[PDB]
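Below is upload.cif, holding mmCIF, C-alpha atoms.
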data_my_file
#
loop_
_atom_site.group_PDB
_atom_site.id
_atom_site.type_symbol
_atom_site.label_atom_id
_atom_site.label_comp_id
_atom_site.auth_asym_id
_atom_site.auth_seq_id
_atom_site.Cartn_x
_atom_site.Cartn_y
_atom_site.Cartn_z
ATOM 1 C CA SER E 1 0.317 13.318 -19.204
ATOM 2 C CA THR E 2 0.192 13.334 -15.424
ATOM 3 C CA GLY E 3 -2.266 12.572 -12.650
ATOM 4 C CA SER E 4 -2.648 13.725 -9.060
ATOM 5 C CA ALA E 5 -5.078 12.345 -6.478
ATOM 6 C CA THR E 6 -5.559 12.836 -2.771
ATOM 7 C CA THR E 7 -5.432 9.732 -0.593
ATOM 8 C CA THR E 8 -7.237 9.678 2.759
ATOM 9 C CA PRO E 9 -6.908 7.434 5.826
ATOM 10 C CA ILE E 10 -9.951 5.203 6.332
ATOM 11 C CA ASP E 11 -9.904 5.641 10.091
ATOM 12 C CA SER E 12 -8.208 7.291 13.030
ATOM 13 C CA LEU E 13 -5.359 4.737 13.065
ATOM 14 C CA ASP E 14 -4.295 5.067 9.390
ATOM 15 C CA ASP E 15 -5.175 1.364 8.919
ATOM 16 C CA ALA E 16 -5.333 1.983 5.167
ATOM 17 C CA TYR E 17 -5.760 4.837 2.681
ATOM 18 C CA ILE E 18 -8.427 5.306 -0.001
ATOM 19 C CA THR E 19 -8.094 7.228 -3.245
ATOM 20 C CA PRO E 20 -11.027 8.138 -5.509
ATOM 21 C CA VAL E 21 -10.964 6.426 -8.940
ATOM 22 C CA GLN E 22 -13.293 7.089 -11.881
ATOM 23 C CA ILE E 23 -14.439 3.952 -13.724
ATOM 24 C CA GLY E 24 -16.654 3.775 -16.793
ATOM 25 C CA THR E 25 -18.803 6.168 -18.795
ATOM 26 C CA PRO E 26 -20.456 8.118 -17.235
ATOM 27 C CA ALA E 27 -17.908 7.997 -14.433
ATOM 28 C CA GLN E 28 -18.570 5.745 -11.472
ATOM 29 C CA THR E 29 -16.347 6.902 -8.621
ATOM 30 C CA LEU E 30 -15.089 4.216 -6.259
ATOM 31 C CA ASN E 31 -12.657 4.671 -3.380
ATOM 32 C CA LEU E 32 -9.813 2.212 -3.875
ATOM 33 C CA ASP E 33 -6.890 1.049 -1.763
ATOM 34 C CA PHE E 34 -3.750 1.731 -3.822
ATOM 35 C CA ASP E 35 -1.503 -1.238 -3.135
ATOM 36 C CA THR E 36 2.137 -1.322 -4.265
ATOM 37 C CA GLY E 37 2.277 -4.923 -3.008
ATOM 38 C CA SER E 38 -0.190 -6.382 -5.509
ATOM 39 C CA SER E 39 -1.095 -6.047 -9.169
ATOM 40 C CA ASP E 40 -4.857 -6.469 -9.527
ATOM 41 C CA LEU E 41 -7.394 -3.659 -9.907
ATOM 42 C CA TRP E 42 -10.557 -5.194 -8.494
ATOM 43 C CA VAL E 43 -13.832 -3.694 -7.341
ATOM 44 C CA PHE E 44 -16.999 -4.405 -5.474
ATOM 45 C CA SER E 45 -19.583 -4.644 -8.219
ATOM 46 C CA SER E 46 -23.132 -5.463 -9.232
ATOM 47 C CA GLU E 47 -21.871 -9.061 -9.483
ATOM 48 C CA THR E 48 -20.673 -9.323 -5.871
ATOM 49 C CA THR E 49 -22.588 -11.819 -3.691
ATOM 50 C CA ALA E 50 -25.178 -9.557 -2.054
ATOM 51 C CA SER E 51 -24.513 -10.939 1.442
ATOM 52 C CA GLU E 52 -20.832 -9.958 1.082
ATOM 53 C CA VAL E 53 -21.551 -6.281 0.385
ATOM 54 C CA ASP E 54 -22.037 -4.028 3.410
ATOM 55 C CA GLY E 55 -21.888 -0.348 2.552
ATOM 56 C CA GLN E 56 -19.399 -0.338 -0.305
ATOM 57 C CA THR E 57 -19.945 1.589 -3.513
ATOM 58 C CA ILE E 58 -20.232 -0.857 -6.393
ATOM 59 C CA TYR E 59 -19.196 -0.738 -10.013
ATOM 60 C CA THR E 60 -22.058 -1.610 -12.361
ATOM 61 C CA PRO E 61 -20.625 -2.483 -15.794
ATOM 62 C CA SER E 62 -24.081 -2.594 -17.415
ATOM 63 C CA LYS E 63 -24.378 1.154 -16.749
ATOM 64 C CA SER E 64 -21.070 1.971 -18.474
ATOM 65 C CA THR E 65 -21.118 2.554 -22.234
ATOM 66 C CA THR E 66 -17.390 1.785 -22.428
ATOM 67 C CA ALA E 67 -17.447 -1.479 -20.419
ATOM 68 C CA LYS E 68 -16.724 -4.721 -22.289
ATOM 69 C CA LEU E 69 -16.636 -8.210 -20.806
ATOM 70 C CA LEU E 70 -13.186 -9.733 -21.168
ATOM 71 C CA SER E 71 -14.619 -13.029 -22.352
ATOM 72 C CA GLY E 72 -13.339 -16.086 -20.489
ATOM 73 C CA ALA E 73 -11.121 -14.204 -18.056
ATOM 74 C CA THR E 74 -11.285 -14.886 -14.313
ATOM 75 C CA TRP E 75 -9.223 -13.808 -11.321
ATOM 76 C CA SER E 76 -8.580 -14.972 -7.804
ATOM 77 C CA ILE E 77 -6.248 -13.461 -5.247
ATOM 78 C CA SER E 78 -5.135 -14.097 -1.675
ATOM 79 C CA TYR E 79 -3.297 -11.492 0.354
ATOM 80 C CA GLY E 80 -0.668 -11.688 3.080
ATOM 81 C CA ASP E 81 -3.263 -11.096 5.796
ATOM 82 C CA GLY E 82 -5.318 -14.083 4.639
ATOM 83 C CA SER E 83 -8.029 -12.091 2.911
ATOM 84 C CA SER E 84 -9.155 -12.955 -0.612
ATOM 85 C CA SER E 85 -11.446 -12.093 -3.518
ATOM 86 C CA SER E 86 -12.305 -13.455 -6.972
ATOM 87 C CA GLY E 87 -14.493 -12.888 -10.002
ATOM 88 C CA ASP E 88 -14.532 -12.075 -13.699
ATOM 89 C CA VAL E 89 -13.129 -9.189 -15.750
ATOM 90 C CA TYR E 90 -14.265 -6.190 -17.775
ATOM 91 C CA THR E 91 -12.191 -3.662 -19.672
ATOM 92 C CA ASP E 92 -13.219 -0.027 -19.180
ATOM 93 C CA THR E 93 -11.935 3.509 -18.949
ATOM 94 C CA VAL E 94 -10.224 4.283 -15.636
ATOM 95 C CA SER E 95 -9.046 7.723 -14.486
ATOM 96 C CA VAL E 96 -6.966 8.637 -11.437
ATOM 97 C CA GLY E 97 -6.551 12.304 -10.606
ATOM 98 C CA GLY E 98 -7.040 13.414 -14.201
ATOM 99 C CA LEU E 99 -4.944 10.654 -15.767
ATOM 100 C CA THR E 100 -6.974 8.382 -18.050
ATOM 101 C CA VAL E 101 -6.335 4.818 -19.238
ATOM 102 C CA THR E 102 -8.587 3.229 -21.807
ATOM 103 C CA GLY E 103 -8.964 -0.545 -21.934
ATOM 104 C CA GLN E 104 -7.938 -1.080 -18.313
ATOM 105 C CA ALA E 105 -8.754 -4.483 -16.860
ATOM 106 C CA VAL E 106 -11.335 -3.916 -14.127
ATOM 107 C CA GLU E 107 -11.673 -7.121 -12.135
ATOM 108 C CA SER E 108 -15.242 -7.489 -10.905
ATOM 109 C CA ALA E 109 -15.640 -9.321 -7.593
ATOM 110 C CA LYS E 110 -18.112 -12.159 -7.405
ATOM 111 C CA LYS E 111 -16.772 -13.161 -3.977
ATOM 112 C CA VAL E 112 -14.888 -11.298 -1.256
ATOM 113 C CA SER E 113 -13.713 -12.534 2.149
ATOM 114 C CA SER E 114 -15.099 -11.243 5.453
ATOM 115 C CA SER E 115 -12.330 -8.710 5.969
ATOM 116 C CA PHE E 116 -13.353 -6.867 2.827
ATOM 117 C CA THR E 117 -17.075 -7.045 3.580
ATOM 118 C CA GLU E 118 -16.490 -5.619 7.048
ATOM 119 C CA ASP E 119 -14.589 -2.642 5.700
ATOM 120 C CA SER E 120 -17.310 -0.413 4.268
ATOM 121 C CA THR E 121 -14.829 2.347 3.328
ATOM 122 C CA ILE E 122 -12.826 0.296 0.776
ATOM 123 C CA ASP E 123 -14.561 -0.291 -2.590
ATOM 124 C CA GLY E 124 -11.680 -2.270 -4.030
ATOM 125 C CA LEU E 125 -7.927 -2.340 -4.628
ATOM 126 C CA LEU E 126 -5.717 -0.757 -7.284
ATOM 127 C CA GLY E 127 -2.507 -2.730 -7.577
ATOM 128 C CA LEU E 128 0.782 -0.967 -8.308
ATOM 129 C CA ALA E 129 3.306 -3.806 -8.031
ATOM 130 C CA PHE E 130 4.663 -5.357 -11.211
ATOM 131 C CA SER E 131 2.219 -6.815 -13.727
ATOM 132 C CA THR E 132 3.889 -10.227 -13.450
ATOM 133 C CA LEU E 133 1.859 -10.721 -10.218
ATOM 134 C CA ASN E 134 -1.504 -10.043 -11.880
ATOM 135 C CA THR E 135 -3.837 -12.994 -11.304
ATOM 136 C CA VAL E 136 -6.080 -12.778 -14.375
ATOM 137 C CA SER E 137 -6.303 -16.087 -16.232
ATOM 138 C CA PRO E 138 -5.781 -17.211 -18.973
ATOM 139 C CA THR E 139 -4.480 -13.864 -20.208
ATOM 140 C CA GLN E 140 -2.562 -11.906 -17.574
ATOM 141 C CA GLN E 141 -3.426 -8.227 -17.466
ATOM 142 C CA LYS E 142 -1.444 -5.034 -16.904
ATOM 143 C CA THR E 143 -1.672 -2.650 -13.954
ATOM 144 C CA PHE E 144 -3.021 0.873 -14.270
ATOM 145 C CA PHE E 145 0.548 2.211 -13.969
ATOM 146 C CA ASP E 146 1.874 -0.115 -16.649
ATOM 147 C CA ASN E 147 -0.916 0.885 -19.028
ATOM 148 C CA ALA E 148 -0.371 4.582 -18.301
ATOM 149 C CA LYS E 149 3.436 4.490 -18.473
ATOM 150 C CA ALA E 150 4.054 5.359 -22.110
ATOM 151 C CA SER E 151 1.722 8.372 -21.885
ATOM 152 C CA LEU E 152 3.311 9.720 -18.709
ATOM 153 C CA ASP E 153 5.734 12.674 -18.772
ATOM 154 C CA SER E 154 8.047 10.470 -16.693
ATOM 155 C CA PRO E 155 7.549 6.717 -15.958
ATOM 156 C CA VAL E 156 7.080 7.236 -12.231
ATOM 157 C CA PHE E 157 4.480 7.484 -9.531
ATOM 158 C CA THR E 158 4.976 8.836 -6.027
ATOM 159 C CA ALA E 159 3.409 8.016 -2.671
ATOM 160 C CA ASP E 160 3.125 10.805 -0.091
ATOM 161 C CA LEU E 161 1.075 9.279 2.725
ATOM 162 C CA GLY E 162 -0.074 11.385 5.659
ATOM 163 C CA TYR E 163 0.090 10.680 9.367
ATOM 164 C CA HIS E 164 -3.498 11.032 10.559
ATOM 165 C CA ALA E 165 -3.974 13.277 7.522
ATOM 166 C CA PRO E 166 -4.582 13.172 3.786
ATOM 167 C CA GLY E 167 -1.767 12.721 1.327
ATOM 168 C CA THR E 168 -1.125 12.393 -2.385
ATOM 169 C CA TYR E 169 -0.453 9.887 -5.133
ATOM 170 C CA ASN E 170 1.099 11.513 -8.216
ATOM 171 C CA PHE E 171 1.609 9.860 -11.611
ATOM 172 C CA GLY E 172 4.136 11.001 -14.184
ATOM 173 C CA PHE E 173 5.983 13.683 -12.241
ATOM 174 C CA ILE E 174 7.945 14.373 -9.086
ATOM 175 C CA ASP E 175 6.600 17.282 -7.024
ATOM 176 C CA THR E 176 9.777 18.976 -5.832
ATOM 177 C CA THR E 177 7.774 21.035 -3.301
ATOM 178 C CA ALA E 178 6.569 17.911 -1.482
ATOM 179 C CA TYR E 179 9.797 16.901 0.248
ATOM 180 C CA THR E 180 12.807 18.352 2.024
ATOM 181 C CA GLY E 181 16.462 17.863 1.119
ATOM 182 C CA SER E 182 17.266 15.429 -1.669
ATOM 183 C CA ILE E 183 15.776 12.124 -2.842
ATOM 184 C CA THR E 184 18.001 9.075 -2.333
ATOM 185 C CA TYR E 185 17.496 6.355 -4.892
ATOM 186 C CA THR E 186 18.171 2.706 -4.270
ATOM 187 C CA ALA E 187 18.136 -0.444 -6.411
ATOM 188 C CA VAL E 188 15.033 -2.557 -6.962
ATOM 189 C CA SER E 189 14.694 -6.268 -7.618
ATOM 190 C CA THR E 190 11.582 -7.227 -9.578
ATOM 191 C CA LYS E 191 12.324 -10.954 -9.306
ATOM 192 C CA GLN E 192 9.376 -11.584 -6.956
ATOM 193 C CA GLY E 193 7.102 -9.011 -8.619
ATOM 194 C CA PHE E 194 7.449 -6.483 -5.781
ATOM 195 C CA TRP E 195 9.135 -3.142 -5.237
ATOM 196 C CA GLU E 196 11.886 -5.019 -3.421
ATOM 197 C CA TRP E 197 14.910 -3.162 -2.094
ATOM 198 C CA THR E 198 17.615 -3.358 0.598
ATOM 199 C CA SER E 199 17.700 -0.971 3.542
ATOM 200 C CA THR E 200 21.198 -0.214 4.860
ATOM 201 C CA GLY E 201 20.281 -0.494 8.541
ATOM 202 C CA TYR E 202 18.444 1.008 11.464
ATOM 203 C CA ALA E 203 18.529 2.933 14.702
ATOM 204 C CA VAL E 204 16.202 2.932 17.716
ATOM 205 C CA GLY E 205 15.504 6.363 19.180
ATOM 206 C CA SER E 206 18.709 8.320 19.712
ATOM 207 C CA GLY E 207 20.731 5.107 19.537
ATOM 208 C CA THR E 208 23.674 4.446 17.275
ATOM 209 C CA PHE E 209 22.965 3.328 13.717
ATOM 210 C CA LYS E 210 23.406 -0.386 13.011
ATOM 211 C CA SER E 211 24.675 -1.017 9.491
ATOM 212 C CA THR E 212 23.002 -4.159 8.252
ATOM 213 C CA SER E 213 21.290 -5.155 5.011
ATOM 214 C CA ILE E 214 17.532 -5.597 5.316
ATOM 215 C CA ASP E 215 15.788 -6.854 2.180
ATOM 216 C CA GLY E 216 12.139 -5.839 2.036
ATOM 217 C CA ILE E 217 9.266 -4.526 -0.056
ATOM 218 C CA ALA E 218 7.754 -1.074 -0.249
ATOM 219 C CA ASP E 219 4.063 -1.863 0.279
ATOM 220 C CA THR E 220 1.406 0.838 0.562
ATOM 221 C CA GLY E 221 -1.228 -1.875 1.074
ATOM 222 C CA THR E 222 0.247 -3.087 4.359
ATOM 223 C CA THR E 223 -0.459 -1.055 7.490
ATOM 224 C CA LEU E 224 2.562 -1.842 9.650
ATOM 225 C CA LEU E 225 6.334 -2.195 9.452
ATOM 226 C CA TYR E 226 7.443 -5.858 9.533
ATOM 227 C CA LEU E 227 11.133 -6.463 10.152
ATOM 228 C CA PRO E 228 13.396 -9.294 11.317
ATOM 229 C CA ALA E 229 12.831 -10.510 14.857
ATOM 230 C CA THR E 230 16.264 -9.263 15.963
ATOM 231 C CA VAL E 231 15.485 -5.692 14.873
ATOM 232 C CA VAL E 232 12.000 -5.685 16.344
ATOM 233 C CA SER E 233 13.256 -7.070 19.656
ATOM 234 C CA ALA E 234 15.882 -4.312 19.831
ATOM 235 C CA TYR E 235 13.166 -1.685 19.296
ATOM 236 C CA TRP E 236 10.634 -2.927 21.836
ATOM 237 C CA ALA E 237 13.360 -3.530 24.457
ATOM 238 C CA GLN E 238 13.504 0.275 24.707
ATOM 239 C CA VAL E 239 9.840 0.498 25.780
ATOM 240 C CA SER E 240 9.165 -0.266 29.451
ATOM 241 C CA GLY E 241 6.638 -3.032 29.761
ATOM 242 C CA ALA E 242 6.510 -3.948 26.081
ATOM 243 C CA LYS E 243 6.162 -7.610 25.239
ATOM 244 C CA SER E 244 5.306 -10.019 22.476
ATOM 245 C CA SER E 245 1.831 -11.399 23.136
ATOM 246 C CA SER E 246 0.869 -14.625 21.364
ATOM 247 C CA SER E 247 -2.739 -14.092 22.468
ATOM 248 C CA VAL E 248 -2.890 -10.684 20.775
ATOM 249 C CA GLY E 249 -0.656 -11.603 17.834
ATOM 250 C CA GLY E 250 2.383 -9.387 18.245
ATOM 251 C CA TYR E 251 4.104 -6.758 20.321
ATOM 252 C CA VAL E 252 1.991 -4.746 22.738
ATOM 253 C CA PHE E 253 3.044 -1.955 25.056
ATOM 254 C CA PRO E 254 1.544 0.044 27.916
ATOM 255 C CA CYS E 255 -0.611 2.823 26.550
ATOM 256 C CA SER E 256 1.096 5.117 29.088
ATOM 257 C CA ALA E 257 4.460 4.753 27.260
ATOM 258 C CA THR E 258 6.251 7.282 25.125
ATOM 259 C CA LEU E 259 7.558 5.426 22.085
ATOM 260 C CA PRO E 260 11.033 6.009 20.647
ATOM 261 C CA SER E 261 11.518 6.870 17.005
ATOM 262 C CA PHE E 262 12.778 4.280 14.521
ATOM 263 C CA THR E 263 15.278 5.149 11.813
ATOM 264 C CA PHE E 264 15.861 3.136 8.642
ATOM 265 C CA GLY E 265 18.641 3.499 6.107
ATOM 266 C CA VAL E 266 18.307 4.256 2.434
ATOM 267 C CA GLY E 267 21.830 4.128 1.104
ATOM 268 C CA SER E 268 23.713 6.750 3.108
ATOM 269 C CA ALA E 269 20.442 8.572 3.912
ATOM 270 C CA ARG E 270 18.184 8.089 6.948
ATOM 271 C CA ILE E 271 14.412 8.143 7.281
ATOM 272 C CA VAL E 272 13.095 8.789 10.785
ATOM 273 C CA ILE E 273 9.727 7.345 11.835
ATOM 274 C CA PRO E 274 8.454 9.346 14.827
ATOM 275 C CA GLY E 275 7.432 7.291 17.837
ATOM 276 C CA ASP E 276 3.808 8.430 17.550
ATOM 277 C CA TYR E 277 3.591 6.722 14.142
ATOM 278 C CA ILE E 278 4.260 3.400 15.859
ATOM 279 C CA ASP E 279 1.221 3.660 18.206
ATOM 280 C CA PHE E 280 -1.854 1.769 16.950
ATOM 281 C CA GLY E 281 -3.827 2.263 20.127
ATOM 282 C CA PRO E 282 -5.685 -0.002 22.529
ATOM 283 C CA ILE E 283 -5.900 -3.683 21.504
ATOM 284 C CA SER E 284 -9.598 -3.522 22.380
ATOM 285 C CA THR E 285 -11.813 -0.608 23.314
ATOM 286 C CA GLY E 286 -10.849 0.727 26.731
ATOM 287 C CA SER E 287 -7.753 -1.448 27.146
ATOM 288 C CA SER E 288 -4.555 -0.016 28.590
ATOM 289 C CA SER E 289 -2.562 -2.402 26.387
ATOM 290 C CA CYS E 290 -1.656 -0.769 23.055
ATOM 291 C CA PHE E 291 -0.707 -2.413 19.770
ATOM 292 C CA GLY E 292 2.712 -1.770 18.255
ATOM 293 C CA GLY E 293 3.329 -0.565 14.716
ATOM 294 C CA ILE E 294 6.620 -2.431 14.307
ATOM 295 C CA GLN E 295 6.174 -6.191 14.246
ATOM 296 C CA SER E 296 8.223 -9.266 13.415
ATOM 297 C CA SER E 297 8.245 -10.535 9.828
ATOM 298 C CA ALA E 298 9.259 -14.003 11.036
ATOM 299 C CA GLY E 299 6.818 -16.389 9.420
ATOM 300 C CA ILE E 300 5.724 -13.903 6.721
ATOM 301 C CA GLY E 301 8.756 -14.831 4.662
ATOM 302 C CA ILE E 302 9.524 -11.247 3.666
ATOM 303 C CA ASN E 303 10.201 -7.905 5.367
ATOM 304 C CA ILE E 304 7.529 -5.278 4.639
ATOM 305 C CA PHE E 305 8.023 -1.530 4.650
ATOM 306 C CA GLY E 306 4.320 -0.768 5.055
ATOM 307 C CA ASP E 307 2.509 2.486 5.744
ATOM 308 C CA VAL E 308 4.183 3.063 9.141
ATOM 309 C CA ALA E 309 7.494 3.412 7.310
ATOM 310 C CA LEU E 310 6.349 4.892 4.019
ATOM 311 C CA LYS E 311 4.276 7.704 5.532
ATOM 312 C CA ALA E 312 7.459 9.082 7.119
ATOM 313 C CA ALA E 313 8.846 9.706 3.613
ATOM 314 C CA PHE E 314 8.155 11.021 0.145
ATOM 315 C CA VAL E 315 8.544 7.852 -1.935
ATOM 316 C CA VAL E 316 9.304 7.620 -5.654
ATOM 317 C CA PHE E 317 8.374 4.451 -7.498
ATOM 318 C CA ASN E 318 10.513 4.728 -10.630
ATOM 319 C CA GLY E 319 9.240 2.415 -13.381
ATOM 320 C CA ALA E 320 11.984 3.163 -15.893
ATOM 321 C CA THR E 321 13.472 0.203 -17.776
ATOM 322 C CA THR E 322 15.633 -0.358 -14.717
ATOM 323 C CA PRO E 323 13.289 0.364 -11.812
ATOM 324 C CA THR E 324 14.451 2.095 -8.650
ATOM 325 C CA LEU E 325 12.961 3.462 -5.412
ATOM 326 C CA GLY E 326 13.575 6.928 -4.056
ATOM 327 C CA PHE E 327 13.103 8.175 -0.511
ATOM 328 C CA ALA E 328 13.116 11.723 0.807
ATOM 329 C CA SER E 329 12.308 13.243 4.166
ATOM 330 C CA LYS E 330 9.358 15.629 4.274
#
Before anything else, please render the file you have as C-alpha cells.
Amino acid sequence: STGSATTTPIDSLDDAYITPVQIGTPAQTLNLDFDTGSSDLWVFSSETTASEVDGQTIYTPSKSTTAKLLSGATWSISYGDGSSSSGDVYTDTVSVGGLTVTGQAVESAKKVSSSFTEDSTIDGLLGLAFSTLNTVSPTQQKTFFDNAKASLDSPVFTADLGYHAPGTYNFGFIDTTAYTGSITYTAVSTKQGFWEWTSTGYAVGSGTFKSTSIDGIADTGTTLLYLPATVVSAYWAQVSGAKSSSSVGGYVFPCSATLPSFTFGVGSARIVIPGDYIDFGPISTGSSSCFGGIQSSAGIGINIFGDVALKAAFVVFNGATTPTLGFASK
C-alpha cells in the first residue's frame, strides 16, 4: 500500500504545515501537524476543556463506530517550545492520503496549552519520530508510520514541504518526479528517538564551504533552523545591521536587507536554502525589524533542521531495519 497527502502552510510565513487526516467511522477529517520530532498522534476532541478550544475541529469518539477507549491509558507531552497537551486514549481507524491503519492510538486531549488554543488552524499533531518517544502510559503506543510500515510497498515516508506553497507527504514510495538530480542518503542515530543525523558542513551565500560535523535532527514540526552559535554568527555577520536581540529572542535584521543563501552538507552533496526562506518578516506588525529564520541552538541542547531547511529539499525518511535519511534538491 501507499498514501499521498497534500500539506499546506497555516499562514503566510510557513510557521507550520497542516495535512488532512481521516479519523473514525464515518470519517472525521482533522487537519494535523505532521511532526517528525515527536511520536504522539493527538487531537482536539469532545473531551478538550471547552475554554481551551477556539476554532479547532474536534474528534468526537462517541460518533465513531470503530472508536474504542484504550482503558487506563493516559498521555502527557511537552514540546521544545514549551507548549504541552495531555489526555486519554482511544484506538480508531486513521487514514492519510488513502493509506489506512486500523487500531491506531488516537490520543484525545483533555488539556492543551495556550499556544495550541491560539492556533485555530491546527487540530492536533501526528508524530513521525520513533515510537520509543511515545508518551502513552502504562502501555506505550506506536506511531502511524510504525503501524503502517509492514503494509507499505517500501518502509519509507517522504516530506516535500513548499515555500509559501503546498507540498506533499508520501508514504510507502519515493516519487522520482518530485526532485532533481540524485538522493543522497546519510546515517541516522535513533538513540534519542529522533531522526538524528550529521551534516558535513555549511556555506554562507557564495562563500567557501566549511567542512565540519553538525549533529542535528530532521524535524518537520519545528519552524526554523537552529544551529550552533558559531555557525549562526557567521551567517548573520553577512547581513548589514543584523543582531542578536535578547528582547526579541534571537537574531533580527533590517527588513530592507537582502538575505544570503545558506548551504548545508549532506555527505558530499549540498542543499541550498535561498535567502528568502530565511525571512520571517516584521517582529511586530509594521516594524522595520525582521525576524531571522536561522537561530542559535545554544540552550536547546540539540541542533534542529526544521522547516526552513527541510523545505529546500525532498527528504526521505527511510524506516528500514537500519534507518537512514535522504536529501535531494528540487
Fill in: 12 Å contact set for residue 50 (chain E), all atoms listed in the file, chain neighbours under 5 positions out, as number ranges by chain
E: 44-45, 55-56, 58, 109-112, 117
Worksheet item: Counting all atoms listed in the file, which of E:175, E:92, E:54, E:146 gets nearest to residue 159 (chain E)?
Response: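 Under the stated criterion, the closest residue is E:175.
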Item to complete: Work out how far CA of residue 220 (chain E) is from CA of residue 35 (chain E), in Å to one decimal.
Response: 5.1 Å
Worksheet entry | Distance of CA of residue 11 (chain E) from CA of residue 286 (chain E), expressed in Å to one decimal place |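 Those two atoms sit 17.4 Å apart.
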Item to complete: Find the residues around residue 139 (chain E) up to 10 Å (only C-alpha atoms counted), leave out those fewer than 6 positions away in its own chain, and share them as a PyMOL selection string.
Response: chain E and resi 70+72-74
Discussion item. List as a PyMOL selection string the protein and nucleic acid residues near residue 91 (chain E), meaning an atom at most 7 Å away when all atoms listed in the file are counted, but skip any in the same chain fewer than 5 places from it.
Written reply: chain E and resi 67-70+103-106
Worksheet item: So which one's closest to residue 84 (chain E), E:115, E:247, E:8, E:168? Using all atoms listed in the file, please.
Response: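 Selected residue with least distance to residue 84 (chain E): E:115.
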Discussion item. Excluding residue 297 (chain E) and its own-chain neighbours fewer than 5 positions away, which residues fall within 10 Å of it when counting all atoms listed in the file? Please give them as a PyMOL selection string.
Written reply: chain E and resi 216+225-229+232+302-304
Item to complete: To verify the selection step, state as a PyMOL selection string which residues the PyMOL selection byres ((chain E and resi 17) around 8) yields on this input.
Response: chain E and resi 7-10+14-16+18-19+33-34
